[PDB]
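Presented below is the structure to which this report refers.
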Amino acid sequence: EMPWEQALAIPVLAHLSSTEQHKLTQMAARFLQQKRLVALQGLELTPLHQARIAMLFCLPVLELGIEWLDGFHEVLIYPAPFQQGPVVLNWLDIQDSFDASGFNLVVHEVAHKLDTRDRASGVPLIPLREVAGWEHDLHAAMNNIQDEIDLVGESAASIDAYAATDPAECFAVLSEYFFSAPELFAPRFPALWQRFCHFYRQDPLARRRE
Ligand SMILES: [Cl-]
């Protein structure tokens with residue numbers, strides 16, 4: 001028996017409703033039926049680690065569906081940092097991804113898969129008529145991040161200068177914020193935040209209230 005109840009007890013998942021926890025648990029169990037977590041270079045992942053990884057994968061698609069993760073069959077997990085291709089992660093960053101700090105490698109990688117589900121362009125599958133307005137708000141968010149970096153420096157800035165430059169990277173980083181530290185996102189980028197709420201069919205800030 002996978003320790004699903006104990007798996008849920010991590011900060012990034014702490015604000016899910018009881019129905020959301022049940023729904024996430026089931027999707028994660030389905031994930032582990034359909035996909036392999038391949039721990040490399042002697043890394044050993046316990047059932048609790050595996051359950052938590054599966055849940056992190058499923059969080060961004062909780063309301064979209066597990067089929068949104070059909071662009072990969074396996075996840076490769078190295079102990080540490082260095083198309084239909086496997087998602088590559090490392091255990092050091094995954095452990096950080098359990099916190100509600102704004103960093104989440106799993107969500108980052110999922111965002112990239114949602115983006116390219118198509119070229120990696122910072123635009124996931126949205127209506128054709130919304131693409132211009134999405135790109136407008138994304139690129140404004142990017143310029144806003146560059147202005148910050150120009151003013152206070154890379155270290156003091158929230159986001160790395162790569163997210164200010166590559167729209168795909170921006171999408172992926174803001175997705176990390178969306179799920180892990182929405183207070184860094186909602187008040188700063190209200191228009192883009194609204195589009196992400198509509199795309200992901202989740203409101204992580206409303207969640208904290210309830
Ligand atoms: Cl949170």
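We label chains A, B, ... in the order they appear in the structure tokens, count residues from 1 in each chain, and number ligands from 1 in the order shown.
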* Collect all residues with atoms no farther than 8 Å from ligand 1, counting only C-alpha atoms and all ligand atoms, and output them as a PyMOL selection string. => chain A and resi 11-15+100+179-182+204-205+208
Same residues, N, CA, C and O atoms, saved as a compact mmCIF listing (two decimals), in the first residue's frame:
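As written to disk, again_24.txt reads:
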# COMPACT_ATOMS: atom_id res chain seq x y z
N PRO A 11 4.24 21.03 2.26
CA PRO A 11 3.71 22.38 2.11
C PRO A 11 3.06 22.77 0.79
O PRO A 11 2.03 23.42 0.81
N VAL A 12 3.61 22.35 -0.35
CA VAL A 12 3.04 22.74 -1.64
C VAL A 12 1.61 22.22 -1.86
O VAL A 12 0.88 22.75 -2.70
N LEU A 13 1.23 21.18 -1.10
CA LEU A 13 -0.08 20.53 -1.25
C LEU A 13 -1.00 20.78 -0.05
O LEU A 13 -2.06 20.17 0.05
N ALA A 14 -0.59 21.69 0.84
CA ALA A 14 -1.19 21.84 2.15
C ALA A 14 -2.55 22.54 2.11
O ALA A 14 -3.33 22.42 3.05
N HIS A 15 -2.82 23.28 1.03
CA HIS A 15 -4.03 24.05 0.90
C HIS A 15 -5.09 23.41 0.01
O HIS A 15 -6.12 24.02 -0.26
N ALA A 100 6.59 25.35 -0.23
CA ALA A 100 5.81 26.41 -0.87
C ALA A 100 6.71 27.67 -0.95
O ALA A 100 6.35 28.73 -0.42
N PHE A 179 1.72 27.69 -8.67
CA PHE A 179 1.44 26.59 -7.77
C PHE A 179 2.14 26.68 -6.40
O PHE A 179 1.60 26.22 -5.40
N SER A 180 3.32 27.28 -6.37
CA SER A 180 4.18 27.26 -5.18
C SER A 180 4.21 28.57 -4.38
O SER A 180 4.32 28.55 -3.16
N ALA A 181 4.14 29.70 -5.07
CA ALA A 181 4.17 31.02 -4.39
C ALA A 181 3.33 32.02 -5.18
O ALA A 181 3.87 32.94 -5.78
N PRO A 182 1.98 31.82 -5.23
CA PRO A 182 1.12 32.69 -6.04
C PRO A 182 1.09 34.15 -5.61
O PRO A 182 0.70 35.03 -6.40
N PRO A 204 -5.05 29.03 -7.12
CA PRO A 204 -4.30 28.72 -5.92
C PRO A 204 -4.37 29.71 -4.76
O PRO A 204 -4.10 29.32 -3.62
N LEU A 205 -4.73 30.96 -5.05
CA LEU A 205 -4.92 31.98 -4.01
C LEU A 205 -6.26 31.83 -3.32
O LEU A 205 -6.34 31.92 -2.09
N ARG A 208 -6.04 29.14 -0.68
CA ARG A 208 -5.55 29.53 0.65
C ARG A 208 -6.61 30.12 1.57
O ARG A 208 -6.57 29.89 2.79
* Asked: Which residues, written as a count of residues only, have at least one atom at most 12 Å from residue 163 of chain A, with only C-alpha atoms counted and residues fewer than 2 positions away on the same chain left out?
  -> 29
For residue 30 of chain A, work out the shell of residues within 9 Å, counting only C-alpha atoms and skipping chain neighbours fewer than 4 positions away, then give it as an mmCIF file with N, CA and C atoms, in the first residue's frame.
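The result, written out as part-v5.cif:
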data_model
loop_
_atom_site.group_PDB
_atom_site.id
_atom_site.type_symbol
_atom_site.label_atom_id
_atom_site.label_comp_id
_atom_site.auth_asym_id
_atom_site.auth_seq_id
_atom_site.Cartn_x
_atom_site.Cartn_y
_atom_site.Cartn_z
ATOM 1 N N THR A 25 -4.764 12.245 -5.375
ATOM 2 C CA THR A 25 -4.339 10.885 -5.021
ATOM 3 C C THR A 25 -4.671 9.841 -6.096
ATOM 4 N N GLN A 26 -5.879 9.907 -6.633
ATOM 5 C CA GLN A 26 -6.301 8.946 -7.647
ATOM 6 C C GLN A 26 -5.545 9.131 -8.944
ATOM 7 N N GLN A 34 0.762 4.207 -15.281
ATOM 8 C CA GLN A 34 1.005 4.441 -16.697
ATOM 9 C C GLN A 34 2.443 4.857 -17.018
ATOM 10 N N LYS A 35 3.170 5.376 -16.032
ATOM 11 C CA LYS A 35 4.494 5.931 -16.261
ATOM 12 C C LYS A 35 5.480 5.320 -15.278
ATOM 13 N N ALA A 54 4.713 11.588 -8.061
ATOM 14 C CA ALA A 54 3.487 11.392 -8.862
ATOM 15 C C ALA A 54 2.510 12.515 -8.603
ATOM 16 N N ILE A 66 -5.116 13.708 -16.868
ATOM 17 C CA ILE A 66 -3.829 13.030 -16.972
ATOM 18 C C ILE A 66 -3.323 12.904 -18.423
#
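Residue nearest residue 60 of chain A within the list A:201, A:16, A:92, A:37: A:201 [criterion: smallest interatomic distance, only C-alpha atoms].
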* Restricting the calculation to only C-alpha atoms, which member of A:162, A:129, A:123, A:28 is positioned closest to residue 192 of chain A? -> A:123
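Of the listed residues (A:50, A:164, A:125, A:87), A:50 comes nearest to residue 2 of chain A; the distances count only C-alpha atoms.
Between atom CA of residue 78 of chain A and atom CA of residue 103 of chain A the interatomic distance comes to 18.0 Å.
The shortest atom-to-atom distance to residue 72 of chain A, with only C-alpha atoms taken into account, belongs to A:110 out of A:126, A:110, A:24, A:9.
Listed by chain and then by rising number, the residues of segment 57-191 of chain A that DSSP assigns to strand (DSSP E) from the backbone are residues 74, 75, 76, 77, 78, 87, 88, 89 and 90 of chain A.
Rounded to one decimal, atom CA of residue 3 of chain A and atom CA of residue 29 of chain A lie 10.9 Å from each other.
Here atom CA of residue 88 of chain A is placed at a distance of 22.6 Å from atom CA of residue 8 of chain A.
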* **Contact residues around segment 93-96 of chain A with only C-alpha atoms at 7 Å, ignoring same-chain residues under 3 positions, as a PyMOL selection string** => chain A and resi 90+99+105-106
Export C-alpha atoms of the chosen residues as a PDB file, in the first residue's frame?
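And here is the file that came out, result.pdb:
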ATOM      1  CA  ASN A  90      16.992  15.262  -9.917  1.00  0.00           C
ATOM      2  CA  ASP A  99       8.045  23.427  -0.061  1.00  0.00           C
ATOM      3  CA  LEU A 105      11.203  21.606 -10.780  1.00  0.00           C
ATOM      4  CA  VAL A 106       8.368  19.172 -11.416  1.00  0.00           C
TER       5      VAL A 106
END
* Would you list, as a PyMOL selection string, the residues of chain A that end up in alpha helix (DSSP H) under DSSP run on this structure's backbone? => chain A and resi 4-8+18-34+47-58+91-96+105-116+131-152+167-180+190-200+204-209
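In this comparison, which uses only C-alpha atoms, the residue of A:58, A:107, A:89, A:32 approaching residue 73 of chain A most closely is A:32.
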* Asked: Which residue out of A:42, A:153, A:124, A:190 has the minimum interatomic distance to residue 68 of chain A when only C-alpha atoms are used?
  -> A:124
